[PDB]
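What follows is the content of input17.cif, which has mmCIF, C-alpha atoms (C1' of nucleotides):
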data_run
#
loop_
_atom_site.label_atom_id
_atom_site.label_comp_id
_atom_site.auth_asym_id
_atom_site.auth_seq_id
_atom_site.Cartn_x
_atom_site.Cartn_y
_atom_site.Cartn_z
CA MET A 1 0.00 0.00 0.00
CA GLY A 2 2.12 2.85 1.27
CA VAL A 3 0.74 6.25 0.29
CA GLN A 4 -2.76 5.85 -1.13
CA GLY A 5 -2.43 8.26 -4.03
CA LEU A 6 1.25 9.17 -4.33
CA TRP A 7 1.68 7.38 -7.67
CA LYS A 8 -1.08 9.54 -9.17
CA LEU A 9 0.86 12.62 -8.03
CA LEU A 10 4.24 11.46 -9.34
CA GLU A 11 3.04 10.10 -12.70
CA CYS A 12 3.83 13.44 -14.38
CA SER A 13 7.55 12.81 -13.75
CA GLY A 14 7.60 9.09 -14.62
CA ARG A 15 8.80 8.09 -18.08
CA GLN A 16 7.48 5.16 -20.09
CA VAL A 17 10.34 2.86 -21.10
CA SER A 18 10.75 -0.66 -22.47
CA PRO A 19 12.24 -3.78 -20.83
CA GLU A 20 15.18 -3.53 -23.27
CA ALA A 21 16.27 -0.41 -21.35
CA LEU A 22 17.17 -2.37 -18.20
CA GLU A 23 19.85 -4.41 -19.99
CA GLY A 24 22.90 -2.92 -18.31
CA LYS A 25 21.41 -2.64 -14.85
CA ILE A 26 21.64 -4.05 -11.33
CA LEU A 27 18.36 -3.57 -9.45
CA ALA A 28 16.73 -4.51 -6.17
CA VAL A 29 13.32 -6.19 -5.96
CA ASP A 30 10.91 -6.40 -2.99
CA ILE A 31 9.56 -9.96 -3.12
CA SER A 32 7.68 -9.43 0.15
CA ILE A 33 4.65 -7.88 -1.56
CA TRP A 34 4.39 -11.00 -3.72
CA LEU A 35 4.27 -13.56 -0.90
CA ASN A 36 2.18 -10.99 0.96
CA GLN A 37 -0.38 -11.55 -1.80
CA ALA A 38 0.35 -15.17 -2.77
CA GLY A 47 -9.73 -21.11 -6.62
CA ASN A 48 -8.38 -23.69 -9.08
CA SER A 49 -6.73 -25.68 -6.23
CA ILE A 50 -3.20 -25.12 -7.56
CA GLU A 51 0.04 -25.97 -5.75
CA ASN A 52 2.39 -23.20 -4.61
CA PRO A 53 1.19 -20.22 -6.73
CA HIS A 54 3.74 -17.94 -5.11
CA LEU A 55 6.44 -20.15 -6.63
CA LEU A 56 4.62 -20.23 -9.99
CA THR A 57 4.41 -16.47 -10.44
CA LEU A 58 7.90 -16.16 -8.92
CA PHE A 59 9.32 -18.51 -11.56
CA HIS A 60 7.71 -16.67 -14.47
CA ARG A 61 8.97 -13.32 -13.11
CA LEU A 62 12.45 -14.77 -12.43
CA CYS A 63 12.60 -15.76 -16.09
CA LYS A 64 11.39 -12.35 -17.33
CA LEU A 65 14.13 -10.64 -15.30
CA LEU A 66 17.15 -12.51 -16.68
CA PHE A 67 15.73 -12.40 -20.21
CA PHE A 68 16.33 -8.64 -20.20
CA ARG A 69 19.86 -8.99 -18.73
CA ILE A 70 18.85 -7.56 -15.34
CA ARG A 71 21.15 -8.40 -12.42
CA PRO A 72 18.63 -8.74 -9.57
CA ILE A 73 19.04 -8.54 -5.82
CA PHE A 74 15.99 -9.69 -3.87
CA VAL A 75 15.02 -8.16 -0.52
CA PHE A 76 13.00 -9.97 2.16
CA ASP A 77 10.71 -8.37 4.75
CA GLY A 78 11.79 -8.89 8.36
CA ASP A 79 9.99 -7.91 11.54
CA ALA A 80 7.29 -5.41 10.61
CA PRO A 81 7.52 -2.20 12.65
CA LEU A 82 5.31 -1.38 15.62
CA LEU A 83 3.52 1.28 13.57
CA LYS A 84 2.81 -1.12 10.68
CA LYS A 85 1.13 -3.55 13.08
CA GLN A 86 -0.77 -0.76 14.86
CA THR A 87 -1.94 0.50 11.46
CA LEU A 88 -3.20 -2.87 10.22
CA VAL A 89 -4.87 -3.54 13.59
CA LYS A 90 -6.69 -0.20 13.67
CA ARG A 91 -7.57 -0.85 10.01
CA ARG A 92 -9.19 -4.15 11.04
CA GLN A 93 -11.07 -2.44 13.89
CA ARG A 94 -12.75 -0.28 11.24
CA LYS A 95 -13.56 -3.22 8.94
CA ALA A 752 -8.17 -13.97 21.40
CA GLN A 753 -8.51 -15.24 17.83
CA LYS A 754 -6.60 -12.40 16.14
CA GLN A 755 -3.52 -13.83 17.89
CA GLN A 756 -4.22 -17.31 16.41
CA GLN A 757 -4.35 -16.23 12.77
CA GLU A 758 -0.94 -14.59 13.29
CA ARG A 759 0.87 -17.86 14.10
CA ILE A 760 -0.68 -19.92 11.29
CA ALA A 761 0.10 -17.54 8.39
CA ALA A 762 3.74 -17.33 9.52
CA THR A 763 4.29 -21.10 9.28
CA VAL A 764 2.82 -21.14 5.76
CA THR A 765 4.82 -18.12 4.65
CA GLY A 766 7.93 -19.62 6.29
CA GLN A 767 7.75 -22.55 3.88
CA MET A 768 7.03 -20.11 1.04
CA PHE A 769 10.18 -18.16 2.05
CA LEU A 770 12.28 -21.33 2.14
CA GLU A 771 11.11 -22.56 -1.28
CA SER A 772 11.57 -19.13 -2.89
CA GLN A 773 15.08 -18.72 -1.46
CA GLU A 774 15.98 -22.19 -2.74
CA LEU A 775 14.72 -21.24 -6.21
CA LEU A 776 16.87 -18.10 -5.99
CA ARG A 777 19.99 -20.04 -4.97
CA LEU A 778 19.45 -22.34 -7.94
CA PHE A 779 19.06 -19.43 -10.34
CA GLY A 780 22.32 -17.96 -9.01
CA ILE A 781 20.65 -14.80 -7.71
CA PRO A 782 21.78 -13.31 -4.37
CA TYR A 783 19.31 -11.97 -1.84
CA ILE A 784 19.21 -10.17 1.51
CA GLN A 785 16.79 -10.46 4.43
CA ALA A 786 15.93 -6.90 5.38
CA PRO A 787 15.90 -6.74 9.19
CA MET A 788 12.61 -4.84 9.36
CA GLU A 789 11.24 -3.09 6.26
CA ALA A 790 12.29 -4.34 2.82
CA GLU A 791 11.49 -1.16 0.90
CA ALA A 792 13.90 0.62 3.25
CA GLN A 793 16.63 -1.91 2.39
CA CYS A 794 16.15 -1.40 -1.36
CA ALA A 795 16.15 2.35 -0.74
CA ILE A 796 19.42 2.43 1.20
CA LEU A 797 20.87 0.18 -1.51
CA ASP A 798 19.86 2.83 -4.05
CA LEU A 799 21.40 5.57 -1.89
CA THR A 800 24.86 4.00 -1.50
CA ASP A 801 24.99 3.41 -5.29
CA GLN A 802 24.95 -0.36 -4.74
CA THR A 803 22.10 -0.81 -7.20
CA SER A 804 21.17 1.32 -10.22
CA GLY A 805 17.53 1.42 -9.22
CA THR A 806 14.87 -0.74 -7.64
CA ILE A 807 12.00 -2.56 -9.35
CA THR A 808 8.93 -2.08 -7.15
CA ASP A 809 5.34 -0.89 -7.44
CA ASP A 810 5.23 0.41 -3.85
CA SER A 811 5.12 4.18 -3.39
CA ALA A 812 6.41 3.96 0.20
CA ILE A 813 9.97 3.30 -1.03
CA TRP A 814 10.17 7.02 -1.87
CA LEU A 815 9.75 7.91 1.80
CA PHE A 816 12.73 5.71 2.72
CA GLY A 817 14.91 7.79 0.39
CA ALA A 818 14.48 6.20 -3.04
CA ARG A 819 16.07 7.95 -6.04
CA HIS A 820 15.45 5.60 -9.00
CA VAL A 821 12.48 3.23 -9.11
CA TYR A 822 11.12 1.05 -11.93
CA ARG A 823 7.36 0.55 -11.69
CA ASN A 824 4.81 -1.60 -13.55
CA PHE A 825 7.64 -3.71 -14.94
CA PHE A 826 5.85 -6.98 -14.19
CA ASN A 827 2.37 -5.63 -14.88
CA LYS A 828 2.09 -6.77 -18.46
CA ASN A 829 -0.33 -4.42 -20.25
CA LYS A 830 1.14 -1.52 -18.27
CA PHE A 831 4.34 -0.08 -19.69
CA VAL A 832 7.46 -0.13 -17.56
CA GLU A 833 7.82 3.31 -15.99
CA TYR A 834 11.08 4.82 -14.75
CA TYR A 835 10.76 7.33 -11.91
CA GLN A 836 13.63 9.47 -10.65
CA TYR A 837 13.85 11.47 -7.42
CA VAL A 838 15.60 14.45 -9.03
CA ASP A 839 12.97 14.66 -11.77
CA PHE A 840 9.90 14.96 -9.54
CA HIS A 841 11.88 17.07 -7.03
CA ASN A 842 12.62 19.64 -9.74
CA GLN A 843 9.15 19.37 -11.29
CA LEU A 844 6.86 19.00 -8.26
CA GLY A 845 9.03 20.53 -5.53
CA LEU A 846 8.93 17.41 -3.34
CA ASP A 847 11.64 16.28 -0.92
CA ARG A 848 11.72 13.41 1.56
CA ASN A 849 10.26 15.55 4.37
CA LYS A 850 7.41 16.87 2.20
CA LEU A 851 6.67 13.31 1.09
CA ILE A 852 6.58 12.14 4.72
CA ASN A 853 4.10 14.92 5.52
CA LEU A 854 2.13 13.67 2.51
CA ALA A 855 2.26 10.24 4.18
CA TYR A 856 0.68 11.80 7.27
CA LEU A 857 -2.04 13.27 5.04
CA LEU A 858 -3.00 10.76 2.31
CA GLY A 859 -2.47 7.65 4.48
CA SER A 860 0.27 5.04 4.43
CA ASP A 861 1.26 1.63 5.79
CA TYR A 862 2.34 3.32 9.06
CA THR A 863 -0.72 5.54 9.58
CA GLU A 864 -4.17 6.01 8.08
CA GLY A 865 -4.80 9.42 6.55
CA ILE A 866 -7.44 12.14 6.51
CA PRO A 867 -10.90 11.16 5.23
CA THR A 868 -11.34 13.53 2.27
CA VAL A 869 -7.80 14.63 1.36
CA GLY A 870 -7.28 13.87 -2.29
CA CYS A 871 -3.88 14.43 -3.84
CA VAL A 872 -4.56 18.08 -4.72
CA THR A 873 -6.00 18.60 -1.23
CA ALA A 874 -2.87 17.32 0.50
CA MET A 875 -0.74 19.61 -1.66
CA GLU A 876 -3.04 22.52 -0.79
CA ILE A 877 -2.37 21.66 2.86
CA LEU A 878 1.41 21.39 2.44
CA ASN A 879 1.42 24.81 0.75
CA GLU A 880 -1.00 26.61 3.11
CA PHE A 881 1.47 26.09 5.99
CA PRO A 882 5.00 26.27 4.57
CA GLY A 883 7.92 25.11 6.67
CA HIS A 884 10.81 22.73 7.16
CA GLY A 885 10.67 19.18 8.47
CA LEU A 886 7.35 18.69 10.27
CA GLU A 887 6.34 22.35 10.80
CA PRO A 888 3.50 22.32 8.17
CA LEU A 889 1.53 19.63 10.01
CA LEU A 890 1.94 21.30 13.43
CA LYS A 891 0.71 24.62 12.04
CA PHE A 892 -2.23 22.94 10.29
CA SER A 893 -2.99 21.02 13.51
CA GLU A 894 -3.18 24.01 15.82
CA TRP A 895 -5.02 25.96 13.10
CA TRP A 896 -7.70 23.26 12.90
CA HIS A 897 -7.91 23.01 16.69
CA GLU A 898 -8.54 26.78 16.65
CA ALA A 899 -10.88 27.26 13.67
CA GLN A 900 -13.05 24.34 14.82
CA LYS A 901 -13.95 26.39 17.88
CA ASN A 902 -16.94 28.50 17.05
CA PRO A 903 -17.39 31.54 15.17
CA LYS A 904 -20.25 29.71 13.46
CA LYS A 913 -9.12 32.06 3.31
CA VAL A 914 -9.69 28.86 1.30
CA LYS A 915 -9.17 27.32 4.74
CA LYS A 916 -12.91 26.68 5.20
CA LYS A 917 -12.73 23.40 3.27
CA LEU A 918 -9.93 22.41 5.66
CA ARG A 919 -12.03 23.38 8.69
CA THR A 920 -14.66 20.87 7.58
CA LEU A 921 -12.57 17.69 7.59
CA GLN A 922 -11.97 15.70 10.77
CA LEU A 923 -8.57 15.23 12.44
CA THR A 924 -7.36 12.85 15.15
CA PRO A 925 -6.27 14.22 18.55
CA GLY A 926 -2.78 12.70 18.62
CA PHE A 927 -2.10 14.26 15.21
CA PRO A 928 0.59 14.41 14.28
CA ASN A 929 2.33 11.45 15.85
CA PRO A 930 6.05 12.20 15.40
CA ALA A 931 6.92 8.50 15.64
CA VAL A 932 5.54 8.14 12.10
CA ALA A 933 7.96 10.61 10.53
CA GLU A 934 10.63 9.09 12.77
CA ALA A 935 9.95 5.63 11.33
CA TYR A 936 10.27 6.94 7.77
CA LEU A 937 13.36 9.07 8.52
CA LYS A 938 15.43 6.56 10.53
CA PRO A 939 14.27 3.05 9.56
CA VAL A 940 16.35 -0.04 10.31
CA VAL A 941 18.46 -1.47 7.48
CA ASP A 942 21.69 -3.33 6.91
CA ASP A 943 24.48 -0.75 6.85
CA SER A 944 27.29 -2.75 5.27
CA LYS A 945 28.32 -2.08 1.65
CA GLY A 946 27.97 -5.57 0.24
CA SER A 947 29.79 -6.60 -2.93
CA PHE A 948 27.36 -8.77 -4.84
CA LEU A 949 27.77 -11.88 -6.97
CA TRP A 950 25.54 -13.63 -9.53
CA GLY A 951 26.40 -17.30 -10.01
CA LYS A 952 25.71 -19.58 -12.95
CA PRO A 953 22.37 -21.43 -12.70
CA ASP A 954 22.65 -25.22 -12.79
CA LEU A 955 20.04 -26.67 -15.14
CA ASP A 956 19.24 -30.10 -13.73
CA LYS A 957 18.45 -28.81 -10.24
CA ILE A 958 15.86 -26.43 -11.69
CA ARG A 959 13.89 -29.16 -13.47
CA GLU A 960 14.13 -31.22 -10.28
CA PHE A 961 12.61 -28.35 -8.28
CA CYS A 962 9.88 -27.80 -10.89
CA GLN A 963 8.82 -31.44 -10.75
CA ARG A 964 9.06 -31.43 -6.95
CA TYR A 965 6.67 -28.51 -6.50
CA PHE A 966 4.64 -28.14 -9.72
CA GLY A 967 5.07 -31.46 -11.53
CA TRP A 968 6.91 -30.30 -14.64
CA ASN A 969 9.11 -32.55 -16.77
CA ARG A 970 12.37 -31.71 -18.53
CA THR A 971 11.04 -30.34 -21.84
CA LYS A 972 8.05 -28.60 -20.24
CA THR A 973 10.48 -26.31 -18.42
CA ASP A 974 12.87 -26.19 -21.39
CA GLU A 975 10.14 -24.74 -23.63
CA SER A 976 10.17 -21.76 -21.26
CA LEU A 977 13.93 -21.70 -20.65
CA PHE A 978 14.92 -22.02 -24.33
CA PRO A 979 14.93 -18.22 -24.80
CA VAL A 980 16.35 -17.61 -21.32
CA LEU A 981 19.44 -19.82 -21.50
CA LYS A 982 19.93 -18.56 -25.06
CA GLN A 983 20.08 -14.96 -23.85
CA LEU A 984 22.35 -15.88 -20.91
CA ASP A 985 25.11 -17.09 -23.22
"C1'" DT B 1 -5.74 -3.29 -10.80
"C1'" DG B 2 -5.02 1.21 -12.93
"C1'" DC B 3 -6.83 4.98 -15.37
"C1'" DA B 4 -10.46 7.70 -17.20
"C1'" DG B 5 -14.70 9.79 -17.31
"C1'" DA B 6 -19.04 11.32 -15.22
"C1'" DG B 7 -21.90 12.29 -11.38
"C1'" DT B 8 -22.78 14.65 -7.26
"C1'" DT B 9 -21.98 17.99 -4.03
"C1'" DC B 10 -20.11 23.15 -2.26
"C1'" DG C 1 -18.01 25.49 -11.64
"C1'" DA C 2 -14.54 22.18 -10.14
"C1'" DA C 3 -12.80 18.59 -7.63
"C1'" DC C 4 -13.11 14.13 -5.56
"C1'" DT C 5 -14.73 9.53 -5.64
"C1'" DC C 6 -16.73 5.36 -7.60
"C1'" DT C 7 -17.32 2.40 -10.86
"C1'" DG C 8 -16.71 0.75 -15.34
#
Take the structure in this file and express it as structure tokens.
Amino acid sequence: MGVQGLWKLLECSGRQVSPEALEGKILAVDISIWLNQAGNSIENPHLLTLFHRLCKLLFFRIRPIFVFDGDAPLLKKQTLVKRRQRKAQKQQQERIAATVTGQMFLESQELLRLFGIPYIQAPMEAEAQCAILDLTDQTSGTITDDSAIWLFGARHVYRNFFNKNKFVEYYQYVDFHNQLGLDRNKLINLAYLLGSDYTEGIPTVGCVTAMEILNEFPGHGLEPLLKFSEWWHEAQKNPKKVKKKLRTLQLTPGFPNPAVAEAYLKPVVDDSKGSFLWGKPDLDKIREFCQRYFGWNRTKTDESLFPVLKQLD
DNA sequence: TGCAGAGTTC
DNA sequence: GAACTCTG
């Protein structure tokens, strides 16, 4: 999820490209959204979609690095819990999804090791790991469809790459900073407004409305939201500019909770500058895996791999 | 599941 | 009249 409408905002700065443009590139990928998602009674669909993607990547000469979600933050859990209160046993559907995912994790990491692709378990948030990889110039981008990566400092992000009718879109920090006037702090304030995976937003704030807010109270860091907060705590009191529209909407009392901006500003990530390695993928083991989990033979997989191994050489 | 247009309200 | 949402 992340910010509810941020992609709509940034689309003016994103450029449509083709998969042939990622040829000379080393990019990070957040697999955690996939297993976060993944009635024909199929076996291991996470692995199925993962395999097809994994092919698509190497076909276009991408050098991937996969990033795995760790312990979700306190604010992420609080957000999903207060999002389920709106929509004894909640603690027993937590410990049954983790043992299913655990196996999904293990199988996916095995598939990766066979394909010769390295990977890193992010200690808490995975988007933050991909972001800090972008920042230290360890990757040359990050393939993800999650807006929240921007708030963790992202500079170059490739979106809609796997979405097949949608064209691959390349987004750059500098581009939408120079066009839209957005920095990391303004985007985090936008996260307070529009709603994100660490905090639900304001009921009626569309994109344009959140920008109207962030311009009505200019400032540095978190000042805009404090000014808007005390202004709405004042103007709500009764004498009964364009600020009337903003009077109308409802606001929470703890707004703004500074722990939210704190979580986006200083997240937890691996600090070391890893030097990464892509090994050669052994063929036989891959067909063995495919039969073990899907039930594919040797020339059922080879019909798919025939372009892939051809491009590898 | 993302965009694009209209419908409904201030 | 324009902007936001909902649905197609």
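For chain A, the residues close to chain C, meaning within 10 Å and counting all atoms listed in the file, are residues 868, 869, 870, 871, 872 and 873 of chain A.
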Closest-contact table, chain A side, partner chain B, 10 Å, counting all atoms listed in the file, as a Markdown table:
| residue | atom | partner | partner_atom | distance |
| --- | --- | --- | --- | --- |
| A:8 | CA | B:3 | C1' | 9.6 |
| A:827 | CA | B:1 | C1' | 9.4 |
| A:830 | CA | B:2 | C1' | 8.6 |
| A:917 | CA | B:10 | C1' | 9.2 |
Let's have the selection written as a short mmCIF file (atom, residue, chain, number, x, y, z; two decimals), keeping the file's coordinate frame, with C-alpha atoms.
data_model
loop_
_atom_site.label_atom_id
_atom_site.label_comp_id
_atom_site.auth_asym_id
_atom_site.auth_seq_id
_atom_site.Cartn_x
_atom_site.Cartn_y
_atom_site.Cartn_z
CA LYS A 8 -1.08 9.54 -9.17
CA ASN A 827 2.37 -5.63 -14.88
CA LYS A 830 1.14 -1.52 -18.27
CA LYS A 917 -12.73 23.40 3.27
#
Residue neighbourhood residue A:976, 9 Å, all atoms listed in the file, exclusion window fewer than 4 positions, as a ChimeraX atom specification:
/A:60,63,971-972,980
Write out as a PDB file with C-alpha atoms, in the coordinates of the input which residues come within 12 Å of residue A:923 when counting only C-alpha atoms (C1' of nucleotides), dropping same-chain ones fewer than 5 positions away.
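Saved the output as part_22.pdb:
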ATOM      1  CA  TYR A 856       0.680  11.800   7.270  1.00  0.00           C
ATOM      2  CA  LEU A 857      -2.040  13.270   5.040  1.00  0.00           C
ATOM      3  CA  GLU A 864      -4.170   6.010   8.080  1.00  0.00           C
ATOM      4  CA  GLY A 865      -4.800   9.420   6.550  1.00  0.00           C
ATOM      5  CA  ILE A 866      -7.440  12.140   6.510  1.00  0.00           C
ATOM      6  CA  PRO A 867     -10.900  11.160   5.230  1.00  0.00           C
ATOM      7  CA  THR A 868     -11.340  13.530   2.270  1.00  0.00           C
ATOM      8  CA  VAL A 869      -7.800  14.630   1.360  1.00  0.00           C
ATOM      9  CA  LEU A 889       1.530  19.630  10.010  1.00  0.00           C
ATOM     10  CA  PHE A 892      -2.230  22.940  10.290  1.00  0.00           C
ATOM     11  CA  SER A 893      -2.990  21.020  13.510  1.00  0.00           C
ATOM     12  CA  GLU A 894      -3.180  24.010  15.820  1.00  0.00           C
ATOM     13  CA  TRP A 895      -5.020  25.960  13.100  1.00  0.00           C
ATOM     14  CA  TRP A 896      -7.700  23.260  12.900  1.00  0.00           C
ATOM     15  CA  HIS A 897      -7.910  23.010  16.690  1.00  0.00           C
ATOM     16  CA  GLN A 900     -13.050  24.340  14.820  1.00  0.00           C
ATOM     17  CA  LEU A 918      -9.930  22.410   5.660  1.00  0.00           C
ATOM     18  CA  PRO A 928       0.590  14.410  14.280  1.00  0.00           C
TER      19      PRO A 928
END
Of the residues A:919, A:816, A:840, A:958, which is the one nearest to residue A:7, using only C-alpha atoms?
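Counting only C-alpha atoms, the residue closest to residue A:7 is A:840.
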Residue A:943 environment, 10 Å, all atoms listed in the file, sequence neighbours closer than 4 positions dropped, as a PDB file with C-alpha atoms, keeping the file's coordinate frame:
ATOM      1  CA  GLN A 793      16.630  -1.910   2.390  1.00  0.00           C
ATOM      2  CA  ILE A 796      19.420   2.430   1.200  1.00  0.00           C
ATOM      3  CA  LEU A 797      20.870   0.180  -1.510  1.00  0.00           C
ATOM      4  CA  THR A 800      24.860   4.000  -1.500  1.00  0.00           C
TER       5      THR A 800
END
Could you write out as number ranges by chain the residues that the PyMOL selection byres ((chain A and resi 755-764) around 12) matches in the shown file?
A: 35-38, 52, 54, 78-79, 85, 89, 752-754, 765-771
Output stretch 803-819 of chain A as an mmCIF file, keeping the file's coordinate frame, making sure N, CA, C and O atoms are there.
data_model
loop_
_atom_site.group_PDB
_atom_site.id
_atom_site.type_symbol
_atom_site.label_atom_id
_atom_site.label_comp_id
_atom_site.auth_asym_id
_atom_site.auth_seq_id
_atom_site.Cartn_x
_atom_site.Cartn_y
_atom_site.Cartn_z
ATOM 1 N N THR A 803 22.896 -0.502 -6.033
ATOM 2 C CA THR A 803 22.100 -0.810 -7.200
ATOM 3 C C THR A 803 22.099 0.393 -8.146
ATOM 4 O O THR A 803 22.711 1.429 -7.879
ATOM 5 N N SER A 804 21.425 0.237 -9.276
ATOM 6 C CA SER A 804 21.170 1.320 -10.220
ATOM 7 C C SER A 804 19.674 1.518 -10.358
ATOM 8 O O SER A 804 19.156 1.841 -11.428
ATOM 9 N N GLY A 805 18.971 1.300 -9.261
ATOM 10 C CA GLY A 805 17.530 1.420 -9.220
ATOM 11 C C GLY A 805 16.937 0.327 -8.355
ATOM 12 O O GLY A 805 17.642 -0.438 -7.703
ATOM 13 N N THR A 806 15.610 0.273 -8.372
ATOM 14 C CA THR A 806 14.870 -0.740 -7.640
ATOM 15 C C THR A 806 13.535 -0.963 -8.323
ATOM 16 O O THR A 806 12.782 -0.008 -8.534
ATOM 17 N N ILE A 807 13.244 -2.213 -8.673
ATOM 18 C CA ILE A 807 12.000 -2.560 -9.350
ATOM 19 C C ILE A 807 10.959 -2.833 -8.267
ATOM 20 O O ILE A 807 11.004 -3.861 -7.591
ATOM 21 N N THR A 808 10.024 -1.902 -8.097
ATOM 22 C CA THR A 808 8.930 -2.080 -7.150
ATOM 23 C C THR A 808 7.754 -1.216 -7.579
ATOM 24 O O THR A 808 7.923 -0.193 -8.248
ATOM 25 N N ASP A 809 6.554 -1.650 -7.197
ATOM 26 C CA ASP A 809 5.340 -0.890 -7.440
ATOM 27 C C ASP A 809 4.827 -0.195 -6.187
ATOM 28 O O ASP A 809 3.708 0.328 -6.188
ATOM 29 N N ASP A 810 5.630 -0.163 -5.127
ATOM 30 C CA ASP A 810 5.230 0.410 -3.850
ATOM 31 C C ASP A 810 5.694 1.858 -3.780
ATOM 32 O O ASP A 810 6.881 2.143 -3.972
ATOM 33 N N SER A 811 4.759 2.771 -3.502
ATOM 34 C CA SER A 811 5.120 4.180 -3.390
ATOM 35 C C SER A 811 5.976 4.443 -2.159
ATOM 36 O O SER A 811 6.859 5.310 -2.190
ATOM 37 N N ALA A 812 5.743 3.695 -1.076
ATOM 38 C CA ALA A 812 6.410 3.960 0.200
ATOM 39 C C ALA A 812 7.927 3.987 0.089
ATOM 40 O O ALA A 812 8.572 4.642 0.914
ATOM 41 N N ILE A 813 8.514 3.304 -0.899
ATOM 42 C CA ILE A 813 9.970 3.300 -1.030
ATOM 43 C C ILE A 813 10.508 4.725 -1.127
ATOM 44 O O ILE A 813 11.581 5.034 -0.587
ATOM 45 N N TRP A 814 9.754 5.623 -1.775
ATOM 46 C CA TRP A 814 10.170 7.020 -1.870
ATOM 47 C C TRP A 814 10.468 7.601 -0.499
ATOM 48 O O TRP A 814 11.495 8.261 -0.301
ATOM 49 N N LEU A 815 9.583 7.349 0.469
ATOM 50 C CA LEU A 815 9.750 7.910 1.800
ATOM 51 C C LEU A 815 11.006 7.404 2.497
ATOM 52 O O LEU A 815 11.528 8.093 3.379
ATOM 53 N N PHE A 816 11.502 6.223 2.131
ATOM 54 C CA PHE A 816 12.730 5.710 2.720
ATOM 55 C C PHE A 816 13.968 6.214 1.991
ATOM 56 O O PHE A 816 15.079 5.752 2.279
ATOM 57 N N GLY A 817 13.799 7.149 1.057
ATOM 58 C CA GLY A 817 14.910 7.790 0.390
ATOM 59 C C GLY A 817 15.156 7.391 -1.057
ATOM 60 O O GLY A 817 16.216 7.724 -1.599
ATOM 61 N N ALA A 818 14.213 6.716 -1.709
ATOM 62 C CA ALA A 818 14.480 6.200 -3.040
ATOM 63 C C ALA A 818 14.796 7.325 -4.022
ATOM 64 O O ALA A 818 14.281 8.442 -3.905
ATOM 65 N N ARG A 819 15.673 7.022 -4.980
ATOM 66 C CA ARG A 819 16.070 7.950 -6.040
ATOM 67 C C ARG A 819 15.694 7.464 -7.427
ATOM 68 O O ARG A 819 15.344 8.280 -8.282
#
